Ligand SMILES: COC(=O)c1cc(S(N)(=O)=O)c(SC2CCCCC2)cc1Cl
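The chain that follows stands alone, in the form deposited without the named molecule, written as structure tokens.
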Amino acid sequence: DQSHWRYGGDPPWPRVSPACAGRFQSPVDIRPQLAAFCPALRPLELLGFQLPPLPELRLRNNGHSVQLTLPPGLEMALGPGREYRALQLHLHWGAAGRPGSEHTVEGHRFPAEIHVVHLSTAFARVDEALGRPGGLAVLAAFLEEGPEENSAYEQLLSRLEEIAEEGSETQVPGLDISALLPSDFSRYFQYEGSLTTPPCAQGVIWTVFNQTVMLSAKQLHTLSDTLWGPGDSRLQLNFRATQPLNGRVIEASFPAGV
């Protein structure tokens, strides 16, 4: 099986996909004081993210996260000339007493992280974009613990019980995908990295919101303690360690220093 891997042990990821031994991998530790302010980095523009209930969307436990398949027509602009089509979103989380975001900020790990994965409009096929500079783009936001339930996230978290078993899937109504993300589109970090799971292909443009999304502690428990993974254990701690920068400069869309 050329396509099986897990978090927390063998097979080593470079054996699954040699590209996971690359020099420009994700995730990374973001150090705001050392991020370079770039004023050409304009507010992100999201088109078509406010979905009606029909058509419904596939929601699947793939053993590695819960993944929501997005319909056609969702467009994300990093800028004019950097236009992307959204494919799917999924999440990374921890466990009882343990945060599980993938990116960190000055070494701080947040409770969880949402990824929205996009294909550059240059491509008709995700597989052709793998490893090509700017072929894929991921929008990432941190999920922080707060006192109030997040109603937008409850639409998905309340359905995880239906897909607890690995490989199981269900259909959920369309929802406002942009309500899963922060409201500030103007403050973000941006750098070039990789997919954070095998095949770990490089050339991915990462955009990480500076503003967090708040979930209740009960919601974060629902996320991290409902799903089962490969080989009968709870799907938890499904994040990768941060990776060497190897000379990369993380850019900021706002003066990030103090």
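Heads up: residue numbers just count along the shown sequence, starting at 1.
Although it is not shown, the form solved in complex with the named molecule is what the next lines describe.
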Exercise: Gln202 in contact with the named molecule in the deposited complex, heavy atom 4.5 Å | no
Is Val28 one of the residues lying within 4.5 Å of the named molecule in the deposited complex, judged by heavy atom distances?
-> no
With heavy atoms only and a cut-off of 4.5 Å, decide whether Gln219 touches the named molecule in the deposited complex.
-> no
Partner contact for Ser65 in the deposited complex: the named molecule, 4.5 angstroms, heavy atom | yes
Segment assignment from 148 to 156, 75 to 83, 88 to 96, 177 to 185: heavy atom within 4.5 Å of the named molecule in the deposited complex | 88 to 96
Establish, in the deposited complex, whether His115, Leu195 and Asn238 all lie within 4.5 Å of the named molecule, using non-hydrogen atoms for the distance.
-> yes
